[PDB]
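Next up: a single chain in structure tokens, the form deposited in one PDB entry.
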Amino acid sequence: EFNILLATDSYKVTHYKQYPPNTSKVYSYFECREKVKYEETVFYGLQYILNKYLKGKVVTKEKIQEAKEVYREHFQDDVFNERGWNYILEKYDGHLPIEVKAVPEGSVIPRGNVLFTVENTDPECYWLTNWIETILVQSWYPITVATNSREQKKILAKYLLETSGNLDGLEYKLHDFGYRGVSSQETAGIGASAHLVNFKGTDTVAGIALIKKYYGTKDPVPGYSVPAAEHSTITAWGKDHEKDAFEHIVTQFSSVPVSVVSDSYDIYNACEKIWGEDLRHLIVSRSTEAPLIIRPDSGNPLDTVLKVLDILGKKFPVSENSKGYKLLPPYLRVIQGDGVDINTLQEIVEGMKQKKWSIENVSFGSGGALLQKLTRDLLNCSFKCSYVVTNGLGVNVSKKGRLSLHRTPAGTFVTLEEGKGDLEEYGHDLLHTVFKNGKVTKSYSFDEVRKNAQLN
């Protein structure tokens, strides 16, 4: 199926012919170098990569021959280390002789600290470290998604608290609508799973499948969604049957919440006449677990939320909570999924507070904004060789030498270099061996991942 001998940058293929004689070790590391400032990042995703692509017998005679042919044509010359891959196949039954150490999945670590390290375990495979860089560095994506998601969660927790006095339901405040905005099916799954580290709402079940497959969970409902009615289905009934459309929907989905666009024809007539009275007997009767969620009209993200809230406020009973903020009845809520990114989320929620509107009233959705438009540059994700051993001599190639992560008694994180960690300075290394010679040596359930990524 997938061939790891063909999963590296092409130029790295020739590295086994570029090192000095007797090079026995190449040690490399990944960090989110320093440079809404993302001060701390969530380390998430390496486990997926290790399990899906690196563990077990990943080298076969068949795969060796495939790579030899592919590369012969690619470089128009035989520059493929066939013998080197044959050694791995025969010596370790196709298992990769490398060791990867990393901070636990879900850990929140400030920028500029070692997150994981990679090195070969057999001197003959000094070239392997550079080779697997490509596959490992893609962990930047789930790290970045989990990080940007958590930052948005911090914004939501702050205002939810100040406006309601608590954080109940925080986990359902930001929904992942990024399926259609990402670059591939695989990316959709990875990204959705990274969002689920922080929240539970997603429209990409592939995220849940990845979690259950690569991490494991005891959580009864790790990821959820609610039926949603959009323009495409409502307008199919016609302007004269919008009421029938609305009644049909709410009656079809009465035991769970339901999202319905109010912008199909006229939000006023829809909220004031249809919802307001014509079908009122179907709304007020809904449980607090299955509220009607109104998806505001098109326009400015903040303005629209207020407008719809003010309208609804005029037709339904609003009350002030213990914190003194306007709160719609339990059977009625609002969702803003258009133009909501990390920066805009701020202004929106900010405006709501200043207008006496509680955050309990609204939830948000983000699409290609939280799964796409993100790059390695956001957190300055960097992978580099920091230590090499040639002719028995240890040399430093960014951070220098062998690295280790530590947390001081004051609760600060520090990455010690040049093997200084060996001096047992600041306790024990926080990086743990997760992969060694083809075997995943330490794994985490998704429950642990979420616990480690929890808000401070």
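A residue's number is simply how far along the shown sequence it sits, counting from 1.
Across the other compared structures of the same protein with both neighbouring residues present, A67 carries coordinates in every case, with no third of them leaving it out. Among the other PDB entries of this protein that were compared and that flank it with modelled residues, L403 is modelled in all, so it is never left out in a third of them. Per the record, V414 and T415 are directly connected, with no deposited-sequence residue omitted between them. The gap between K35 and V36 holds 4 to 9 unmodelled residues of the deposited sequence. As the entry records it, the average C-alpha temperature factor is higher for 377-385, out of 377-385 and 98-106. Mean CA temperature factor is higher for 315-323 when stretches 216-224 and 315-323 are set side by side in the entry. Listed residues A157, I283, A146, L174 were ranked by CA B-factor as deposited; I283 comes out on top. Of the residues listed, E151, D303, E133, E124, the entry assigns the biggest Cα temperature factor to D303. Sorting the modelled residues of the chain by their CA temperature factor places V26 in the lowest third. Per-chain ranking of the deposited C-alpha B factor places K420 in the highest third. Looking at the C-alpha B-factors along this chain, the one for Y87 belongs to the middle third. Ranked by Cα temperature factor within the chain, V258 sits in the lowest third according to the deposited record.
Remark: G178 belongs to the lowest third of its chain, ranked by C-alpha B-factor as recorded.
Just so you know, the form deposited in another entry exists too; it's not on screen, but the next bit is about it.
Where the chain switches from one rigid part to the other between the shown form and the other one, the hinge residue selected from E105, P296, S404, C125 is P296.
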